[PDB]
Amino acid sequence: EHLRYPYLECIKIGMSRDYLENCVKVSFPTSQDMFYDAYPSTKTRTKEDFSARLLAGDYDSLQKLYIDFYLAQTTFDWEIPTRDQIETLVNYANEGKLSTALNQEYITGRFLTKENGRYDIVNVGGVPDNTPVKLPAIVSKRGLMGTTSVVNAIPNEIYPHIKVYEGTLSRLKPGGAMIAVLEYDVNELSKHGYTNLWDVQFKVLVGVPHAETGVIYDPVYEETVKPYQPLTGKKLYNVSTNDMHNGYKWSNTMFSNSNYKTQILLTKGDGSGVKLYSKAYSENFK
């Protein structure tokens, strides 16, 4: 660590002085050699070994051998980016705010992400599913601001096949509250990390669904709901909105605009886990 580290290095590999605040926020490129200077003579940590582990999908080993021990550029909270942070990185890259290699490597591709404890792949530029996974850099958990809007970095969203029972039961109409009786497979829940059927929660989203994924990423009205659910290899939940003791804010929102839709989301009790979505429904669940 000479006297000008790490800012000299960042400038050398193309970071602009106009955006030099990013030098401690985003790591040196993992496709190049300088990054590996952080690890002492073995060399057992290399450009080549890193790439190989990433290819093989051994993400846990990258975390444990590389990420946990990077600890360089004056920062300690290095992590695999979130989807939100990748959205920032793509914009930064398009605008030339990173190092040269990273300005190029975040333009399109499939990117490894980590949100809490789970690994996901996110797609930038509608690229084919056999494009190699990328981890061009690690980032400051606290230092790199995530971007909330979903424009460039498109998640692979899961829609569990579910039945709404209808008739006298469930109701999605103007003039009152929304009632729904969802029904999920045990085998489909087990495939996405849901073994304990009791540990679940629901979110009711209202607005214009994203044109690619079908998710309402920025709803005009959100609501959290606790279910009161409890046949043959399947499980049921009963999700209802509160409009009798929470004001008619839902109907007045849903039916203020003809393009507006209502969507139902299942998560783990604490908001984590693989996000399970319903269709974004029209009036009467159309």
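Throughout, we count residues from 1 along the sequence that is shown.
- Per the record, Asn259 and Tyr260 follow each other directly, and no deposited residue is missing between them.
- Mean C-alpha B-factor is higher over 265-273 than over the other stretch, the pair under comparison being 11-19 and 265-273.
- Taking only CA atoms, the mean B-factor in the PDB entry is higher for 209-217 than for the other of 120-128 and 209-217.
- Out of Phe28, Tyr248, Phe69, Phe50, the entry records its largest CA B-factor for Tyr248.
- Note on the listed residues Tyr92, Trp198, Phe76, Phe111: the highest Cα temperature factor in the record is that of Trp198.
- Ranked within its chain, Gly193 lands in the highest third, by CA B factor from the PDB record.
- In the PDB entry, a CA B factor belonging to the middle third of its chain's modelled residues is recorded for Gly146.
- Ranked by C-alpha B-factor against the other modelled residues of its chain, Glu105 falls in the lowest third.
- Sort the chain's modelled residues by C-alpha temperature factor and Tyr228 lands in the highest third, per the entry.
- Among the modelled residues of its chain, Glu222 has a C-alpha B-factor that falls in the highest third, as given in the PDB entry.
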